[PDB]
Amino acid sequence: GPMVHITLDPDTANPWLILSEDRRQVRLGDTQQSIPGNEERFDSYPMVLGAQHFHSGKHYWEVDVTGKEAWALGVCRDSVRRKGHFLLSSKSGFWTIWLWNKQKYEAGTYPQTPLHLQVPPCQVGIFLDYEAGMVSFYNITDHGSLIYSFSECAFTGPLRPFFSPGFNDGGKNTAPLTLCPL
Ligand SMILES: C[C@H](O)c1ccc2c(c1)N(CCCN(C)C)c1ccccc1S2
């Protein structure tokens, strides 16, 4: 089946992130960790990838976002640049949605698409269909209604799960992203 046990890849995690020992949770830290500057690590934003690689097929997982004022979720090319600043955008190899400012939900098209969610999600489901070129996001709190779907994605290599528990803002958004047991 499509359900997949996601774990986080510590080698990609920006130093502002704290990963749980089981690598199923991630949160913003109050200070930067001292860790290596290996090529895989995102150096400019608090992001981290799942360890799993997708080359084909259908895949699904869920993330708890309860009570966070900001976060970003989805999938990206393994080949996306890790160093420096960039746009979280389908044009750049990212298929993501995000919340910021407590109630601004957007999809990472470029230009960005504003999202209008009648029921703020406490848990989000991400569905990847490699062959169909689709990444879809579901509001678990709202009985699995569709938040947004990217279609006509032109996948060419391995894809990775993508996660950010927020950006650095002074330590208000400390709660973790948690991968849900499926
Ligand atoms: C600008 C570029 O696309 C970019 C790079 C890195 C991040 C974000 C955007 N945001 C989205 C902000 C969209 N509007 C507001 C510009 C974000 C949102 C939620 C959690 C982490 C992040 S980190």
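Positions are given from 1 along the sequence.
- Between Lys172 and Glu69, some side-chain heavy-atom pair lies under the 4.5 Å cut-off.
- For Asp64 (side chain) and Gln123 (main-chain N/O), no donor-acceptor pair under 3.5 Å exists by modelled atom type.
- Looking at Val63 and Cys180, their side chains never come closer than 4.5 Å, going by heavy atoms from C-beta outward.
- Using a 4.5 Å cut-off on side-chain heavy atoms (C-beta onward), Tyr105 and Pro121 make contact.
- In this structure, the ring of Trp95 has its center less than 6.0 angstrom from the ring center of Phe155.
- By the neighbour-count criterion of 12 heavy atoms within 6.0 Å, atom CD of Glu131 is densely surrounded, having more than that number from other residues, nucleotides or ligands.
- A donor-acceptor pair under 3.5 Å is formed between the side chain of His53 and the backbone N or O of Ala51.
- Applying the 6.0 Å contact sphere to CG of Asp22 captures more than 12 heavy atoms from other residues, nucleotides or ligands.
- In this view, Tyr148 and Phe150 satisfy the ring pair (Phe, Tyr, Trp, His ring centres under 6.0 Å) rule, not counting sequence neighbours.
- Remark: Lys83 NZ is packed, more than 12 non-hydrogen atoms of other residues, nucleotides or ligands lying under 6.0 Å away.
- Side chains of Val65 and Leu73 form a contact here, defined as non-hydrogen atoms less than 4.5 Å apart.
- Residues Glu40 and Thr12 have side chains that never bring a donor and an acceptor to within less than 3.5 angstrom of each other.
- Salt-bridge formation is detected for the pair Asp9/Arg160: a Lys NZ or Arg NE/NH1/NH2 atom is positioned less than 4.0 Å from an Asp or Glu carboxylate oxygen.
- Between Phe167 and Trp100, the closest side-chain pair of non-hydrogen atoms falls below 4.5 Å.
- Side-chain contact between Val119 and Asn139 is present, with at least one heavy-atom pair separated by less than 4.5 Å.
- In this pair, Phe94 and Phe86 present their aromatic rings parallel. The plane angle is below 30°, not in the 30 to 60° band.
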